[PDB]
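A quick write-up on the structure given underneath.
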Amino acid sequence: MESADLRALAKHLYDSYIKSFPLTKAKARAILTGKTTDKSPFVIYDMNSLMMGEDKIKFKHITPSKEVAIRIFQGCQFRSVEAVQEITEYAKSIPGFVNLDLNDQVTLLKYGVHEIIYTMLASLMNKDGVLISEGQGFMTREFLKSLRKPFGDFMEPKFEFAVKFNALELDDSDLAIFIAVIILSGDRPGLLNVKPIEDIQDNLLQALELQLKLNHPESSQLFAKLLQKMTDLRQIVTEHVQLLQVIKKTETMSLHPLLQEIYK
Amino acid sequence: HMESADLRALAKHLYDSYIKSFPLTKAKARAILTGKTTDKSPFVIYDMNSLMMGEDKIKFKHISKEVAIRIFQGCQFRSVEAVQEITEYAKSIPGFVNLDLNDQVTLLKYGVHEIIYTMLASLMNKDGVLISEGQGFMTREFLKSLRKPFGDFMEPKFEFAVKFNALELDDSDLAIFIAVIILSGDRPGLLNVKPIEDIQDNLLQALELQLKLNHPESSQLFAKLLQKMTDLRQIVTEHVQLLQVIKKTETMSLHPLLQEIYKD
Ligand SMILES: O=C(O)c1ccc(-c2nn(C(=O)c3c(Cl)cccc3C(F)(F)F)c3ccc(Cl)cc23)c(OCCc2ccccc2)c1
Ligand SMILES: O=C(O)c1ccc(-c2nn(C(=O)c3c(Cl)cccc3C(F)(F)F)c3ccc(Cl)cc23)c(OCCc2ccccc2)c1
């Protein structure tokens, strides 16, 4: 493709990225750094401030169970279900995606949303915590990591990944292409027609390659390093699923079957 | 960043070292597998009878035992030879022997297995694998049908090789790819990540140039090749988890070299 074509693809995905997701990376950076002297976020650092925070921000996943670590865990689910729809709608704007076989569209989203949620979560994290509720709350890493039994071990790898991933210093225009590449992976099991998916992903890769050289001209092999990250993501997604397994085996949680179906 | 003539020079140096370190190249393996030549023709092992003949015809460097064990011990003896050859090749990678000595050990520890699988693909097609420096050929069917846990042990190698070989890399490409794997600054416990990444950055530049010149019509071969370093990460873990099972069922001896590598 000609370079103006790639530049157009990049700006199309960036524009669509901005409209699809509730809090961009640029905004989240302004919050985490204190740069905006605007309203400081409500900080959740312990049990009492989690109580006060629910009552203040009036969270939408409230009145679920009772144990605090569980409540937090299930609010991670609530946000993930939301994220899934946000990525699904973003997908529709990747050139060519809607023209794929409907089953292949569903297969790509199904196996990809986990990796994308991990990635975008890093935009909302620093070494000390994570923005929640469109940047209005900030929940500390230490309070998450110190949750009881397995829940503490479940939250901390997200921060461990995010800190490493954020060292790349990608911005939203970088991430919008990167997200698209993940979605268009032709190696997802059960794809009926791999060829047009790789054809799209090749245009996306070309666009990401050129976007990274223009936007990070002094970051050698940033393209390569970012693809290596896409390696890890596969691994962390697998570790993650084997960790949701133990909780359902050991703790076994909610009862409302309808609720469980939404989170199926 | 380097000048192109310096990148071409590093590719030539690496290809020359690979030829000196690895006696059975992909080019020689492909000539044996394609045939159309009388002198290079392998004896084929597809069942117990041909295995028995096989040991009377081709010179196995691997001496009353049950057959799957006997084949297992054949691979591990050959894996140890491969570690030896890979170690010698690593030392030729510029900058490698100047790294901290425990980093050298750590990079080999986590890198040899990924390299063995990569170079095993050169010896394979969909129907089986070359053995004993190309003097023999053992069918995939025969390995797949071995008993207990040993049949399902041999088979994931073949599944990776068929996918990897679709890239159609030759030895000059593989020589630089093998090096990129070794100089991975993300291995657990590395003490000086930075000088390792500076070497890999150079190796990645060399691979990028090499793949564009040698495969000028292969869109995003670079990106696709880097995405294979993913699967590799997962088949290595699947391998060591299978080796874990066999230990608890078999008493099969592990070479001291391999015994130390498997250890965390
Ligand atoms: O806003 C956002 O874009 C956002 C996207 C994600 C999380 C998140 N997901 N998650 C997961 O385990 C997870 C992952 Cl990664 C991927 C797929 C599925 C799941 C899940 F859940 F289903 F298992 C986390 C684990 C730890 C942490 Cl710290 C965060 C997450 C997110 O956390 C906000 C959580 C929260 C808690 C209390 C109140 C309000 C919000 C925000
Ligand atoms: O020539 C070569 O470069 C070559 C490199 C590797 C194998 C190989 N290793 N291997 C392993 O299990 C293995 C791995 Cl990958 C890595 C570390 C440790 C081990 C092990 F053993 F300790 F557990 C295999 C499993 C299945 C298959 Cl098909 C091949 C391998 C290789 O096998 C064929 C050679 C052979 C020699 C004598 C008798 C029978 C076969 C050749």
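Numbering starts fresh at 1 for the residues of each chain in the structure tokens, the chains themselves are lettered A, B, ... in the order given, and ligands are numbered from 1 as they appear.
Near ligand 2, at a distance of at most 6 Å and with only C-alpha atoms and all ligand atoms counted, sit the residues residues 71, 72, 74, 75, 76, 78, 79, 82, 113, 116, 117, 120, 131 and 154 of chain B.
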Please dump the current selection as a PDB file, in the first residue's frame; keep C-alpha atoms.
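After the write, out-v9.pdb holds the following:
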```pdb
ATOM      1  CA  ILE B  71      13.097 -43.913  20.839  1.00  0.00           C
ATOM      2  CA  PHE B  72      12.747 -41.460  23.708  1.00  0.00           C
ATOM      3  CA  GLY B  74      17.316 -41.474  21.095  1.00  0.00           C
ATOM      4  CA  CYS B  75      15.769 -37.996  21.065  1.00  0.00           C
ATOM      5  CA  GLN B  76      17.267 -36.887  24.363  1.00  0.00           C
ATOM      6  CA  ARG B  78      20.212 -35.989  20.163  1.00  0.00           C
ATOM      7  CA  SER B  79      18.738 -33.045  22.087  1.00  0.00           C
ATOM      8  CA  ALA B  82      21.769 -30.049  19.795  1.00  0.00           C
ATOM      9  CA  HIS B 113      14.500 -25.594  23.580  1.00  0.00           C
ATOM     10  CA  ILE B 116      15.685 -27.145  18.947  1.00  0.00           C
ATOM     11  CA  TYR B 117      12.011 -26.982  17.922  1.00  0.00           C
ATOM     12  CA  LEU B 120      13.602 -29.697  14.157  1.00  0.00           C
ATOM     13  CA  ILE B 131      17.193 -38.862  11.889  1.00  0.00           C
ATOM     14  CA  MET B 154       6.196 -36.677  19.589  1.00  0.00           C
TER      15      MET B 154
END
```
What residues in chain B have any atom no more than 8 Å from chain A when counting only C-alpha atoms, and can you write them as a ChimeraX atom specification? /B:1,201,204-205,219-220,223,226-227,229-231,234
Kindly compile the residues surrounding ligand 1 within 6 Å, counting only C-alpha atoms and all ligand atoms, and format them as a list in words. residues 72, 75, 76, 77, 79, 80, 83, 114, 117, 118, 121, 132, 155 and 158 of chain A
Writing out the chosen residues with N, CA, C and O atoms as an mmCIF file, in the first residue's frame:
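Okay, this is what ended up in result19.cif:
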```
data_model
loop_
_atom_site.group_PDB
_atom_site.id
_atom_site.type_symbol
_atom_site.label_atom_id
_atom_site.label_comp_id
_atom_site.auth_asym_id
_atom_site.auth_seq_id
_atom_site.Cartn_x
_atom_site.Cartn_y
_atom_site.Cartn_z
ATOM 1 N N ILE A 72 -15.079 -6.870 44.621
ATOM 2 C CA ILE A 72 -14.138 -6.279 43.677
ATOM 3 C C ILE A 72 -13.954 -7.177 42.465
ATOM 4 O O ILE A 72 -13.931 -6.704 41.324
ATOM 5 N N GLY A 75 -16.812 -6.828 40.183
ATOM 6 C CA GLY A 75 -16.765 -5.569 39.464
ATOM 7 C C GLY A 75 -15.740 -5.543 38.350
ATOM 8 O O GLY A 75 -15.869 -4.734 37.425
ATOM 9 N N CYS A 76 -14.708 -6.393 38.430
ATOM 10 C CA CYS A 76 -13.814 -6.567 37.294
ATOM 11 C C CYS A 76 -14.554 -7.233 36.141
ATOM 12 O O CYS A 76 -14.380 -6.852 34.978
ATOM 13 N N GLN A 77 -15.408 -8.210 36.463
ATOM 14 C CA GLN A 77 -16.261 -8.843 35.468
ATOM 15 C C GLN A 77 -17.206 -7.836 34.831
ATOM 16 O O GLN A 77 -17.283 -7.746 33.601
ATOM 17 N N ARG A 79 -17.003 -4.709 34.400
ATOM 18 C CA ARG A 79 -16.343 -3.816 33.455
ATOM 19 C C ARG A 79 -15.904 -4.559 32.198
ATOM 20 O O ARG A 79 -15.891 -3.979 31.106
ATOM 21 N N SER A 80 -15.525 -5.826 32.342
ATOM 22 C CA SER A 80 -15.074 -6.614 31.208
ATOM 23 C C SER A 80 -16.215 -6.875 30.223
ATOM 24 O O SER A 80 -16.047 -6.723 29.009
ATOM 25 N N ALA A 83 -16.476 -3.670 28.433
ATOM 26 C CA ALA A 83 -15.389 -3.582 27.462
ATOM 27 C C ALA A 83 -15.657 -4.437 26.221
ATOM 28 O O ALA A 83 -15.394 -3.997 25.093
ATOM 29 N N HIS A 114 -10.172 -10.886 25.264
ATOM 30 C CA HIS A 114 -9.364 -11.026 26.467
ATOM 31 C C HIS A 114 -8.028 -10.318 26.305
ATOM 32 O O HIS A 114 -7.661 -9.488 27.133
ATOM 33 N N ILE A 117 -8.619 -6.524 26.291
ATOM 34 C CA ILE A 117 -8.931 -5.971 27.599
ATOM 35 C C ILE A 117 -7.667 -5.848 28.454
ATOM 36 O O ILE A 117 -7.446 -4.821 29.113
ATOM 37 N N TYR A 118 -6.815 -6.879 28.448
ATOM 38 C CA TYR A 118 -5.532 -6.780 29.133
ATOM 39 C C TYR A 118 -4.737 -5.579 28.649
ATOM 40 O O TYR A 118 -4.199 -4.809 29.453
ATOM 41 N N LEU A 121 -6.392 -2.195 29.609
ATOM 42 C CA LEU A 121 -6.306 -2.012 31.050
ATOM 43 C C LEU A 121 -5.008 -1.299 31.427
ATOM 44 O O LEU A 121 -4.996 -0.421 32.298
ATOM 45 N N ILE A 132 -10.704 3.830 37.697
ATOM 46 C CA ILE A 132 -11.990 3.162 37.538
ATOM 47 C C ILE A 132 -13.068 4.219 37.324
ATOM 48 O O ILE A 132 -12.875 5.400 37.621
ATOM 49 N N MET A 155 -5.162 -10.285 41.008
ATOM 50 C CA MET A 155 -5.097 -8.908 40.541
ATOM 51 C C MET A 155 -3.679 -8.514 40.132
ATOM 52 O O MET A 155 -3.490 -7.795 39.143
ATOM 53 N N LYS A 158 -1.949 -8.487 36.385
ATOM 54 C CA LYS A 158 -2.391 -7.374 35.548
ATOM 55 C C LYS A 158 -1.462 -6.174 35.688
ATOM 56 O O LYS A 158 -1.046 -5.583 34.682
#
```
Spatial neighbours of residue 29 in chain A, 9 Å, only C-alpha atoms, chain gap at least 6 places, as a PyMOL selection string: chain A and resi 35+123-126
Written file, previous selection with N, CA and C atoms, as a PDB file, in the first residue's frame:
```
ATOM      1  N   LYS A  35      -1.350  16.003  36.450  1.00  0.00           N
ATOM      2  CA  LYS A  35      -1.182  17.131  35.507  1.00  0.00           C
ATOM      3  C   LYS A  35      -2.449  17.993  35.546  1.00  0.00           C
ATOM      4  N   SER A 123      -3.557   1.000  29.919  1.00  0.00           N
ATOM      5  CA  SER A 123      -3.713   2.435  29.732  1.00  0.00           C
ATOM      6  C   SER A 123      -4.223   3.101  30.995  1.00  0.00           C
ATOM      7  N   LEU A 124      -4.952   2.358  31.822  1.00  0.00           N
ATOM      8  CA  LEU A 124      -5.586   2.898  33.011  1.00  0.00           C
ATOM      9  C   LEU A 124      -4.774   2.649  34.267  1.00  0.00           C
ATOM     10  N   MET A 125      -3.593   2.038  34.145  1.00  0.00           N
ATOM     11  CA  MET A 125      -2.802   1.629  35.287  1.00  0.00           C
ATOM     12  C   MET A 125      -1.478   2.374  35.325  1.00  0.00           C
ATOM     13  N   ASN A 126      -0.985   2.607  36.553  1.00  0.00           N
ATOM     14  CA  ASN A 126       0.437   2.857  36.743  1.00  0.00           C
ATOM     15  C   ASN A 126       0.973   1.880  37.777  1.00  0.00           C
TER      16      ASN A 126
END
```
Test item, alpha helix (DSSP H) assignment across range 1-89 of chain A, answer as a short mmCIF file (atom, residue, chain, number, x, y, z; two decimals) with C-alpha atoms, in the first residue's frame:
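Dumped to out_25.cif:
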```cif
data_model
loop_
_atom_site.label_atom_id
_atom_site.label_comp_id
_atom_site.auth_asym_id
_atom_site.auth_seq_id
_atom_site.Cartn_x
_atom_site.Cartn_y
_atom_site.Cartn_z
CA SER A 3 2.06 5.55 2.51
CA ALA A 4 -0.87 7.96 2.26
CA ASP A 5 -3.16 4.90 2.30
CA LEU A 6 -1.53 3.67 5.50
CA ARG A 7 -1.72 7.15 7.01
CA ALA A 8 -5.43 7.27 6.17
CA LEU A 9 -5.99 3.86 7.74
CA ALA A 10 -4.16 5.01 10.88
CA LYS A 11 -6.28 8.16 11.23
CA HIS A 12 -9.49 6.27 10.54
CA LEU A 13 -8.74 3.82 13.37
CA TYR A 14 -7.62 6.60 15.70
CA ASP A 15 -10.81 8.61 15.17
CA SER A 16 -12.91 5.50 15.74
CA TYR A 17 -10.83 4.46 18.76
CA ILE A 18 -11.59 7.82 20.43
CA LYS A 19 -15.35 7.41 20.01
CA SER A 20 -15.49 3.76 21.09
CA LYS A 25 -4.93 6.80 27.41
CA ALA A 26 -4.11 10.51 27.06
CA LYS A 27 -6.86 11.45 29.51
CA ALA A 28 -5.89 8.67 31.94
CA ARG A 29 -2.28 9.86 31.86
CA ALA A 30 -3.40 13.39 32.77
CA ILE A 31 -5.25 11.94 35.76
CA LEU A 32 -2.56 9.58 37.04
CA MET A 47 -12.03 -1.33 53.28
CA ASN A 48 -13.47 1.92 54.73
CA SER A 49 -12.62 3.95 51.64
CA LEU A 50 -14.15 1.25 49.44
CA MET A 51 -17.34 1.63 51.47
CA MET A 52 -17.30 5.42 51.14
CA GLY A 53 -16.48 5.14 47.41
CA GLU A 54 -19.43 2.91 46.52
CA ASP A 55 -21.86 5.29 48.31
CA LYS A 56 -20.23 8.28 46.53
CA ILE A 57 -19.80 7.19 42.87
CA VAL A 68 -15.10 -7.51 49.91
CA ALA A 69 -12.49 -9.19 47.69
CA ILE A 70 -15.30 -11.03 45.89
CA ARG A 71 -17.23 -7.78 45.30
CA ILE A 72 -14.14 -6.28 43.68
CA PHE A 73 -13.59 -9.41 41.61
CA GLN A 74 -17.13 -9.26 40.28
CA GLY A 75 -16.76 -5.57 39.46
CA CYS A 76 -13.81 -6.57 37.29
CA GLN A 77 -16.26 -8.84 35.47
CA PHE A 78 -18.88 -6.10 35.11
CA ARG A 79 -16.34 -3.82 33.46
CA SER A 80 -15.07 -6.61 31.21
CA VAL A 81 -18.56 -7.38 29.87
CA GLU A 82 -18.81 -3.65 29.12
CA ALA A 83 -15.39 -3.58 27.46
CA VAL A 84 -16.41 -6.55 25.25
CA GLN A 85 -19.22 -4.52 23.68
CA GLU A 86 -16.93 -1.52 23.31
CA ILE A 87 -14.35 -3.62 21.42
CA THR A 88 -17.10 -5.28 19.37
CA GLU A 89 -18.30 -1.87 18.20
#
```
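Look at range 36-43 of chain A: the protein and nucleic acid residues within 7 Å of it, using only C-alpha atoms and passing over chain neighbours fewer than 6 places away, are residues 30, 53, 135, 136, 137, 138 and 139 of chain A.
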At a cut-off of 8 Å, using only C-alpha atoms, what residues contact range 166-177 of chain B? Leave out same-chain residues fewer than 5 positions from it and give the result as a PyMOL selection string. chain B and resi 11-12+14-15+18+25-27+203+206-207+210-211+221+225
Filtering to N, CA and C atoms, could you give me those residues as a PDB file, in the first residue's frame?
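Output saved as result00.pdb:
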```pdb
ATOM      1  N   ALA B  11      24.557 -10.537   8.911  1.00  0.00           N
ATOM      2  CA  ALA B  11      23.852 -11.695   8.362  1.00  0.00           C
ATOM      3  C   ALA B  11      24.827 -12.704   7.769  1.00  0.00           C
ATOM      4  N   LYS B  12      25.805 -12.237   6.997  1.00  0.00           N
ATOM      5  CA  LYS B  12      26.817 -13.133   6.444  1.00  0.00           C
ATOM      6  C   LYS B  12      27.617 -13.833   7.543  1.00  0.00           C
ATOM      7  N   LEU B  14      26.643 -14.458  10.562  1.00  0.00           N
ATOM      8  CA  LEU B  14      25.825 -15.410  11.290  1.00  0.00           C
ATOM      9  C   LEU B  14      25.568 -16.658  10.451  1.00  0.00           C
ATOM     10  N   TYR B  15      25.347 -16.488   9.140  1.00  0.00           N
ATOM     11  CA  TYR B  15      25.097 -17.649   8.285  1.00  0.00           C
ATOM     12  C   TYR B  15      26.324 -18.552   8.219  1.00  0.00           C
ATOM     13  N   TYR B  18      26.524 -20.547  11.530  1.00  0.00           N
ATOM     14  CA  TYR B  18      25.495 -21.574  11.563  1.00  0.00           C
ATOM     15  C   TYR B  18      25.908 -22.798  10.721  1.00  0.00           C
ATOM     16  N   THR B  25      22.025 -28.982   7.626  1.00  0.00           N
ATOM     17  CA  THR B  25      21.275 -27.772   7.320  1.00  0.00           C
ATOM     18  C   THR B  25      19.912 -28.098   6.715  1.00  0.00           C
ATOM     19  N   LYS B  26      19.032 -27.097   6.715  1.00  0.00           N
ATOM     20  CA  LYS B  26      17.744 -27.241   6.037  1.00  0.00           C
ATOM     21  C   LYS B  26      17.934 -27.515   4.552  1.00  0.00           C
ATOM     22  N   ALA B  27      18.920 -26.865   3.918  1.00  0.00           N
ATOM     23  CA  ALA B  27      19.168 -27.122   2.505  1.00  0.00           C
ATOM     24  C   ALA B  27      19.508 -28.594   2.261  1.00  0.00           C
ATOM     25  N   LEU B 203      20.264  -7.572  15.966  1.00  0.00           N
ATOM     26  CA  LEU B 203      19.877  -8.804  15.306  1.00  0.00           C
ATOM     27  C   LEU B 203      18.521  -8.665  14.623  1.00  0.00           C
ATOM     28  N   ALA B 206      18.907  -6.856  11.458  1.00  0.00           N
ATOM     29  CA  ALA B 206      19.527  -7.706  10.462  1.00  0.00           C
ATOM     30  C   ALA B 206      18.491  -8.655   9.881  1.00  0.00           C
ATOM     31  N   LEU B 207      17.628  -9.194  10.737  1.00  0.00           N
ATOM     32  CA  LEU B 207      16.590 -10.077  10.248  1.00  0.00           C
ATOM     33  C   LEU B 207      15.630  -9.332   9.339  1.00  0.00           C
ATOM     34  N   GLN B 210      17.293  -8.814   6.081  1.00  0.00           N
ATOM     35  CA  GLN B 210      17.490 -10.095   5.413  1.00  0.00           C
ATOM     36  C   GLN B 210      16.189 -10.605   4.793  1.00  0.00           C
ATOM     37  N   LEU B 211      15.099 -10.601   5.567  1.00  0.00           N
ATOM     38  CA  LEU B 211      13.824 -11.110   5.076  1.00  0.00           C
ATOM     39  C   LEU B 211      13.283 -10.295   3.914  1.00  0.00           C
ATOM     40  N   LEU B 221       6.640 -10.900   6.169  1.00  0.00           N
ATOM     41  CA  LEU B 221       7.332 -12.091   6.655  1.00  0.00           C
ATOM     42  C   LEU B 221       7.972 -11.820   8.010  1.00  0.00           C
ATOM     43  N   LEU B 225       7.094 -14.000  11.095  1.00  0.00           N
ATOM     44  CA  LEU B 225       8.137 -14.773  11.757  1.00  0.00           C
ATOM     45  C   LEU B 225       8.216 -14.451  13.248  1.00  0.00           C
TER      46      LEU B 225
END
```
Tell me which protein, DNA and RNA residues are within 8 Å of residue 94 in chain A, counting only C-alpha atoms, leaving out same-chain ones fewer than 4 positions away, and put them as a ChimeraX atom specification. /A:13,90,98,180
Would you output that residue set with C-alpha atoms, as a PDB file, in the first residue's frame?
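Wrote selection00.pdb, looks like this:
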```pdb
ATOM      1  CA  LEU A  13      -8.736   3.825  13.366  1.00  0.00           C
ATOM      2  CA  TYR A  90     -14.724  -0.704  17.525  1.00  0.00           C
ATOM      3  CA  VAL A  98     -17.808  -6.412   8.543  1.00  0.00           C
ATOM      4  CA  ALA A 180      -6.911  -3.897  15.268  1.00  0.00           C
TER       5      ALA A 180
END
```
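Near residue 189 in chain A, within a cut-off of 10 Å and counting only C-alpha atoms, sit the residues residues 104, 107, 108 and 111 of chain A, with same-chain residues fewer than 6 positions away left out.
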Store the residues picked out above, limited to C-alpha atoms, as a tab-separated table (two decimals), in the first residue's frame.
```tsv
chain	number	residue	atom	x	y	z
A	104	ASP	CA	-15.48	-15.64	11.53
A	107	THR	CA	-14.75	-16.22	16.32
A	108	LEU	CA	-12.26	-13.34	16.07
A	111	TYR	CA	-10.73	-15.21	21.13
```
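Computed from the coordinates, the CA of residue 23 in chain B to CA of residue 253 in chain B distance equals 26.4 Å.
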Range 26-157 of chain B: which residues are strand (DSSP E) by DSSP, as a ChimeraX atom specification? /B:43-45,124-125,128-131,136-139
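If you look at CA of residue 212 in chain B and CA of residue 33 in chain B, they are 27.1 Å away from each other.
Each of A:169, A:239, A:160, A:198 was checked against residue 226 in chain A using only C-alpha atoms; the smallest atom-to-atom distance is that of A:169.
CA of residue 243 in chain B sits 9.4 Å away from CA of residue 149 in chain B.
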